[PDB]
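Trainee: Chains as they are written, first to last, in PDB author numbering: chain A, 2 to 367; chain B, 2 to 367; chain I, 1 to 129, 136 to 217; chain H, 1 to 212. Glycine included, C-beta positions come from ideal geometry on N, C-alpha and C.
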Amino acid sequence: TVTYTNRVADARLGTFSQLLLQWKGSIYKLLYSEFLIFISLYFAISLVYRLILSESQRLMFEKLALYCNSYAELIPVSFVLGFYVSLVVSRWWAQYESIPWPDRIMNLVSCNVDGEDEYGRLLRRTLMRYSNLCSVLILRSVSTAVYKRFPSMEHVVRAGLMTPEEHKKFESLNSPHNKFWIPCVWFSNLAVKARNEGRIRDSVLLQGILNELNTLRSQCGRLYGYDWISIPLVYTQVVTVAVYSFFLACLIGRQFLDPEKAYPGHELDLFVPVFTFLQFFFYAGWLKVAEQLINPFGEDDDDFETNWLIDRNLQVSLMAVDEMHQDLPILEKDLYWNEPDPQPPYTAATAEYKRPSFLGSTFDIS
Amino acid sequence: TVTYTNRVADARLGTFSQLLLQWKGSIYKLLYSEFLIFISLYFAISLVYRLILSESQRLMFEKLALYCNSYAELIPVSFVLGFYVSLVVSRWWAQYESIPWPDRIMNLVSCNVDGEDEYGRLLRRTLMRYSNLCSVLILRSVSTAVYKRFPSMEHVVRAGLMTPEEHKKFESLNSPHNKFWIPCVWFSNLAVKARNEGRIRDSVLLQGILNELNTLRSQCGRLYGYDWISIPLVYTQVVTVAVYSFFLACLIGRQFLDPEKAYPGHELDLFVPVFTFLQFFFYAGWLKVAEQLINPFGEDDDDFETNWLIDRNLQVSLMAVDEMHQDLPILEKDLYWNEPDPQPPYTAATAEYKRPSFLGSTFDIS
Amino acid sequence: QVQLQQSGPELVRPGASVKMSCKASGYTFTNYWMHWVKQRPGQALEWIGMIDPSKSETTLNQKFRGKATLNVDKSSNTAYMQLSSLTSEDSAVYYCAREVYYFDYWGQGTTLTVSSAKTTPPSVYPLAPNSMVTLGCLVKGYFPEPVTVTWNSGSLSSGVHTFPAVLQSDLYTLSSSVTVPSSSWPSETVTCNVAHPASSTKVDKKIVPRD
Amino acid sequence: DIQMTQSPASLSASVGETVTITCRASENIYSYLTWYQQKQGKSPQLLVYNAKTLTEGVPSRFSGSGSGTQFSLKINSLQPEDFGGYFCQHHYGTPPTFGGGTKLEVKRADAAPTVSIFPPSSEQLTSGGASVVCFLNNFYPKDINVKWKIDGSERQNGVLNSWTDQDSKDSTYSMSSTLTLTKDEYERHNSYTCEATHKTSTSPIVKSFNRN
Ligand SMILES: OC[C@H]1O[C@H](O[C@H]2[C@H](O)[C@@H](O)[C@H](OCC(CCCCC3CCCCC3)(CCCCC3CCCCC3)CO[C@@H]3O[C@H](CO)[C@@H](O[C@H]4O[C@H](CO)[C@@H](O)[C@H](O)[C@H]4O)[C@H](O)[C@H]3O)O[C@@H]2CO)[C@H](O)[C@@H](O)[C@@H]1O
Ligand SMILES: OC[C@H]1O[C@H](O[C@H]2[C@H](O)[C@@H](O)[C@H](OCC(CCCCC3CCCCC3)(CCCCC3CCCCC3)CO[C@@H]3O[C@H](CO)[C@@H](O[C@H]4O[C@H](CO)[C@@H](O)[C@H](O)[C@H]4O)[C@H](O)[C@H]3O)O[C@@H]2CO)[C@H](O)[C@@H](O)[C@@H]1O
Ligand SMILES: [Ca+2]
Ligand SMILES: [Ca+2]
Ligand SMILES: [Cl-]
Ligand SMILES: [Cl-]
Ligand SMILES: [Cl-]
Ligand SMILES: [Cl-]
Ligand SMILES: [Cl-]
Ligand SMILES: [Cl-]
Ligand SMILES: [K+]
Ligand SMILES: [K+]
């Protein structure tokens, strides 16, 4: 979604440094408001101490700051963040791999549902759409980006993902629960009907198609699960309490105390707490990692591009089972027909990458 | 890619020490430029303090260095590095195992696509090439090493990975999305056509071949996923901010202060901060681990050898389904035909490795 | 159709710099690496370097490290090459080629000439002395190339040999011979015509028999 | 670097014949070799790539072969068009060095050079310089040797030669030698001879003149 994969292809001088200059889906964009509030509260307190408090009050503030500063402990906060963010990141990738792709059903339906006639065409296209509908229905249930595109079941129909007859059949089936599973049932029934009409040769080929469907159903189930079963609220609250506890301490503890009073650790007044602000970016930004990925189907810069996926899948699916049904290119003898050990060419820039075969560590390289 | 597996086969005296003398894909090669800039900035600051600053300015610098040094904290940085690098290393190996190998399809196509005639040969060879094409297409989409070898679809054709007719069929199919999935559809269709021509006996054998294809498709999908879905930018930025924050502190904090002034902790002036530089190699090098593996399909020394894989697969694939179709050696009685409990010999050096059978922990060894 | 259109020929003084172009068309610019080749008479083709249109990554020949510079303009689909600290040896024909495991498309070529000499008109000297008598013209001390030599304003074409110019002290010199039947000379008037467009000079020298 | 050694430097044959050019690699370049055809004045054209594969327009009479360090181009049943320049290039790595080249010229019957020596023009002598020109037209083969002798003694300093391309009509060559002196040194001597050596005869075809 915010792909910088190509920038970090090689480990050169500024591989990671360069990324500090990027705004989209960045630490700056996510921390902006919070940082400003922190900045404000800090310097506000700072001026109160420098310009308002009396000599006696200043002595209390200095004692208060020494107290607060002693409770700004990074080690405990770093612990809970690391473990929590790891959980979030784990679920994040699991949710991606749970986004259903038509390609596997697509390959089978395209080759195993017979007929070069309009019915055979309508059959294959309708099967794929039942798959894609099964997906779109669950996606608009878990993704705010998708839901805002399909707020009502009418939107689904008018967008061409569901026919008005299908919508009629949809409504006819009375159930208080999410009906995303309906198209998945239709598919299996239609696949069976197709086999009985002789459009699907064996049962071996039919079960194979039914299996790939079930897999897609399992995919939709995972998405439902991650959406339903949030990371326990108490856990989420714990890490924010820990993080905020730290910044609360810093607000007062990291204040620049009187240099004259010669407090151990506070010999220099820089007015601006450079390293404390750098710690804020570190920890608040670290928390923002979880904050953004805790729901990867939202509208964050780094949240998944689910609507593009829907579009891509629609186009590719139908194309593969329609225009590509039993439609192949002209079989030719390959360029290496009489060559048992082919030696494909290399461009000028890639010849260094033509390596001798790795036989194994145990063998002498001679 | 940088295989030292054989060097570290045994745990001897210098098993790991020896690796410190290696340059290829080393910590030295990856840190070179960064280290020099660090070195320079350090000693630059050092001379300014020793030769330029006035007695009063020197006192400020010393107070500034004590301030900076107190913010050079390894524990928080070590935390975020460990967790982040672990994520990177995890994806790194996942991406490797997602590189498709023909061998499984290769075995089935070679034995289950009948015919010792030119057509049977052309059939088997064309099937494998559709697999290898499905792979090469995705690899040149995710690997810069491969793309620079196949920058254009013409390169693919001229290299003998795709026929001009196939390229024509390729273009004929209108789609705005990556067409790496096309050959995978062709394969399934061609496999079905092959079965209808009687070249594939049962549907059981056909579905078995279609399954291994789908598996390869899933492999290609994973590669696409890891390439598309980068590790969240914010996370990457956080760890570089943390790391750089540390080295910023060290630049000033680790300066050798006046020995005469007798600052606690700064009693000795060595001019060169040995241990601070050693910490740089540690942490900057630790970050370089992630920096290099965040995209294992790039052109780093330790990035995958994808082009060799392509070459190896091409050679082996075709060879197994062509020259090796129904082609076996002469069946003989094995050397242990009349021996129920064979005792294969051992070389002089390996006799110590002839062990008695491990029956289980519970049994008395008598 | 694939077509590589380079810039026109250049003329510069030693020590200076030059920047020639190459506009590609009929194919996706960024999907093919652009190479540059140097062509000198008598020597073999020299590979200068290559450029990746996409990321502008350059890879030069060690021999051209400090002499050549490469860059492109993806918007205009043109590639460029800059040659610095130009000397007389940097004079040659420069090509730009497309690579696809081979160089399948070259440009027409860009001729670079490096010398410190101002435009100078040609000095046409007649050459006069058995069945067929040979006559000729001597064009010396001119610059720069080229010059057009014809006999009797083109009417006399057959039996003529105009030799390739040579370099003599930063100035070109060439000869032109013509053979006509001894009966037609000095009977029929014969005169060579030398055209030097660089100086807009048009000289005609009738070859009168020796006195 | 990988060194490309091409041979022969120049080949002479007549239409219908079959020739064979050869490129040899400094080190193994597998099947990564290309053959180019370049006609005088024009930009080179791709003939064969990957050592064997012919490109689009190339006619069947062209064929490539070899692998490793030994390659060869073979043109059977020559044509008028097939005459010109031919060179090779390896495509295994950077820099992709080129071969020395090969000039494919037409073969005919030997011919003697029609030597014609000319004295400095009076218009030139009044300018302060003297140039003795000597032509050697329509001969064959291309090989030839010209020597200048001022009063019997050999003269090598000040001589500038220029050869021509094989005539597209009679397939013969031509060259022009020019001895340049100062008006002062030119008038310090008598005889200026122009000796030419060829395979057309054992004795040098000499043509001279005196300064009067
Ligand atoms: O495969 C090879 C890779 O290598 C190349 O990319 C390079 C870039 O070319 C590099 O330029 C870039 O790093 C550059 C910066 C390096 C300075 C940091 C050094 C510090 C290291 C730690 C110790 C202190 C010193 C990394 C940034 C450092 C800044 C940090 C942040 C502030 C705090 C410290 C320093 C310099 O900034 C560059 O500046 C440029 C402008 O500012 C940016 O954009 C430019 O791209 C255009 C390309 O045509 C330029 O023409 C044009 O000038 C401009 O638009 C670049 O994106 C930006 O990276 O980052 C990449 C390094 O991997 C190449 O382009 C690609 O093929 C590929 O990505
Ligand atoms: O299965 C058994 C294994 O054992 C053998 O390998 C040995 C090597 O033979 C050892 O020599 C090597 O370790 C050697 C070094 C040990 C000194 C370190 C001890 C420190 C431990 C911590 C506390 C302080 C002391 C480990 C390096 C220590 C250096 C570090 C780094 C600097 C900071 C501290 C020390 C010495 O360096 C060796 O030196 C050699 C030259 O320098 C290198 O190359 C040589 O290989 C050739 C083989 O024919 C030699 O003939 C030739 O001399 C030379 O080319 C070796 O590769 C290099 O390892 O490393 C291996 C130990 O596992 C054997 O060859 C193999 O069969 C197999 O790999
Ligand atoms: Ca989100
Ligand atoms: Ca990498
Ligand atoms: Cl702590
Ligand atoms: Cl399920
Ligand atoms: Cl601070
Ligand atoms: Cl610490
Ligand atoms: Cl998939
Ligand atoms: Cl130190
Ligand atoms: K860096
Ligand atoms: K050790």
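Under DSSP, the beta strand (DSSP E) around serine 12 of chain H begins and ends at which residues?
Mentor: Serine 12 of chain H -> beta strand (DSSP E) spans 10-13.
Trainee: Just checking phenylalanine 276 of chain B against ligand 10 - is the residue's beta carbon closer than 7 Å to any of the ligand's heavy atoms?
Mentor: Yes - ligand 10 has a heavy atom lying nearer than 7 Å to the Cβ of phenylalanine 276 of chain B.
Trainee: Using C-beta distances below 6 Å, list every residue in its chain close to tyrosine 264 of chain B, excluding the 5 sequence neighbours before and after it, in chain order.
Mentor: So the list reads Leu258, once near-sequence residues are dropped.
Trainee: What are the partner residues of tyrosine 264 of chain A, as DSSP defines its beta bridges?
Mentor: Note: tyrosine 264 of chain A sits in a beta bridge opposite A/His267.
Trainee: For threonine 140 of chain I, which of I/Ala79, I/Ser182 and I/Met81 has the nearest alpha-carbon?
Mentor: Taking only the C-alpha atoms, the option nearest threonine 140 of chain I is I/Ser182.
Trainee: Taking any Cβ of chain I, which residues in the region 173-207 of chain B have a Cβ under 8 Å from it, in chain order?
Mentor: Listed by position along the chain: nothing, the set is empty.
Trainee: Let me see if you follow: with CB-CB separation under 8 Å, is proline 165 of chain A close to chain H or not?
Mentor: No, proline 165 of chain A does not count as interfacial toward chain H.
Trainee: Would you verify that the beta carbon of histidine 326 of chain B is, or is not, closer than 8 Å to some beta carbon of chain I?
Mentor: No, its Cβ sits nowhere closer than 8 Å to a Cβ of chain I.
Trainee: Verify the CB distance criterion: does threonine 59 of chain I have a CB-CB separation below 8 Å to chain A?
Mentor: It does: the Cβ of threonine 59 of chain I has a partner Cβ on chain A nearer than 8 Å.
Trainee: Am I right that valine 200 of chain I and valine 124 of chain I are in contact with their C-beta atoms under 8 Å? What's the rounded C-beta distance?
Mentor: Sure, about 5 Å apart at Cβ, within 8 Å.
Trainee: Could you check if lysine 262 of chain B is buried or exposed, using at least 16 other CB atoms within 10 Å of its CB as the buried criterion?
Mentor: So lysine 262 of chain B counts as exposed.
Trainee: Does DSSP put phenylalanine 118 of chain H in a helix, a strand or coil?
Mentor: In the structure shown, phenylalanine 118 of chain H sits in a strand (DSSP, three-state: E or B).
Trainee: Where in the region 30-67 of chain I do unbroken runs of the beta strand (DSSP E), each at least 3 residues long, occur, reported from the N-terminal end onward?
Mentor: The qualifying runs are 34-39, 46-52 and 57-60.
Trainee: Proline 233 of chain A and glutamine 96 of chain A: beta carbons closer than 8 Å?
Mentor: No, the pair does not count as a contact, with Cβ atoms beyond the cut-off.
Trainee: What do you get for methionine 129 of chain A, buried or exposed, if any count of 16 or more other CB atoms within 10 angstroms of its CB means buried?
Mentor: Per the 10 Å Cβ criterion, buried.
Trainee: For the region 84-92 of chain H against the region 2-12 of chain H, do three or more pairs of beta-carbon atoms, one drawn from each stretch, fall closer than 8 Å, so that the two count as touching?
Mentor: Yes, they touch.
Trainee: Residues of chain A with a CB under 7 Å from the CB of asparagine 28 of chain H: which are they?
Mentor: Going along chain A, no residue has its Cβ under 7 Å from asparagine 28 of chain H, so there is no contact; the nearest lies around 11 Å.
Trainee: Would you mind sorting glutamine 208 of chain B into buried or exposed? The rule is 16 or more other CB atoms within 10 Å of its CB.
Mentor: It counts as buried.
Trainee: What did DSSP end up calling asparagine 161 of chain H once you bin it into helix, strand or coil?
Mentor: If DSSP states are grouped into helix, strand and coil, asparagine 161 of chain H belongs with the strands.
Trainee: Over the uninterrupted beta strand (DSSP E) stretch that includes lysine 147 of chain H, give me the two end residues.
Mentor: From DSSP, the beta strand (DSSP E) with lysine 147 of chain H extends over 145-150.
Trainee: Residues of the region 22-52 of chain H with a CB closer than 8 Å to any CB of chain A: list them in chain order, please.
Mentor: Going along the region 22-52 of chain H in chain order, one finds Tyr30, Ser31, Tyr32 and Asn50 with a Cβ nearer than 8 Å to chain A.
Trainee: Report the residues of the region 78-103 of chain I with a CB closer than 8 Å to any CB of chain A, ordered along the chain.
Mentor: Within the region 78-103 of chain I, the qualifying residues are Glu99 and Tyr101.
Trainee: Quick one: Cα of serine 79 of chain A to Cα of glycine 83 of chain B, how far?
Mentor: Their Cα atoms are separated by approximately 11 Å.
Trainee: May I ask you to report which of helix, strand or coil DSSP gives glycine 83 of chain B?
Mentor: Of the three classes helix, strand and coil, the one that applies to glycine 83 of chain B here is helix, per DSSP.
Trainee: At 9 Å on the CB atoms, spell out the chain I contacts of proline 113 of chain H, in chain order.
Mentor: By Cβ distance, chain I contributes nothing, its closest Cβ being about 12 Å from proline 113 of chain H, past 9 Å.
Trainee: Going by DSSP, what residue range makes up the alpha helix (DSSP H) through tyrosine 43 of chain B?
Mentor: It spans 28-48 - the alpha helix (DSSP H) in which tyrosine 43 of chain B sits, taken as one unbroken run.
Trainee: Ignoring anything shorter than 3 residues or poking outside the region 49-92 of chain H, list the beta strand (DSSP E) runs there in chain order.
Mentor: Here the runs fully enclosed are 62-67, 70-75 and 84-90.
Trainee: In chain B, what lies closer than 7 Å to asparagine 31 of chain I by C-beta?
Mentor: Under the 7 Å cutoff, chain B gives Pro152 and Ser153.
Trainee: Have a look at H/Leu125, H/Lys142, H/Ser60 and H/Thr94 and flag the residue whose alpha-carbon is nearest the alpha-carbon of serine 171 of chain H.
Mentor: The shortest Cα separation from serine 171 of chain H among H/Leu125, H/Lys142, H/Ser60 and H/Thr94 belongs to H/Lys142.
Trainee: If contact means a Cβ-Cβ distance below 7 Å, which residues of the region 340-361 of chain A contact chain I?
Mentor: For the region 340-361 of chain A, which is checked against every Cβ of chain I, the residues closer than 7 Å are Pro346, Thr348, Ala349 and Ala350.
Trainee: Taking the alpha helix (DSSP H) that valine 157 of chain B belongs to, which residues open and close that run?
Mentor: Unbroken alpha helix (DSSP H) run through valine 157 of chain B: 154-159.
Trainee: Whole angstroms are fine: how far does the CA of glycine 142 of chain I sit from the CA of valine 184 of chain I?
Mentor: Roughly 6 Å separates the two Cα atoms.
Trainee: On a CA-only basis, which of B/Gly199, B/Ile53 and B/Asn7 is nearest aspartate 365 of chain A? Give me that one, please.
Mentor: Answer by Cα proximity: B/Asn7.
Trainee: With a cut-off of 8 Å on the beta carbons, I'd call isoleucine 48 of chain I and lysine 55 of chain I a contact; round off their distance for me.
Mentor: Not really, about 19 Å apart at Cβ, beyond 8 Å.
Trainee: Quick one, which of I/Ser163, I/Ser175, I/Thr154 and I/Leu162 has its alpha-carbon nearest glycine 158 of chain H's?
Mentor: Out of I/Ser163, I/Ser175, I/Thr154 and I/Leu162, I/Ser175 has the C-alpha closest to the C-alpha of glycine 158 of chain H.
Trainee: What is the residue span of the alpha helix (DSSP H) that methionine 61 of chain A lies within?
Mentor: Counting along the chain, the alpha helix (DSSP H) containing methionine 61 of chain A begins and ends at 56-70.
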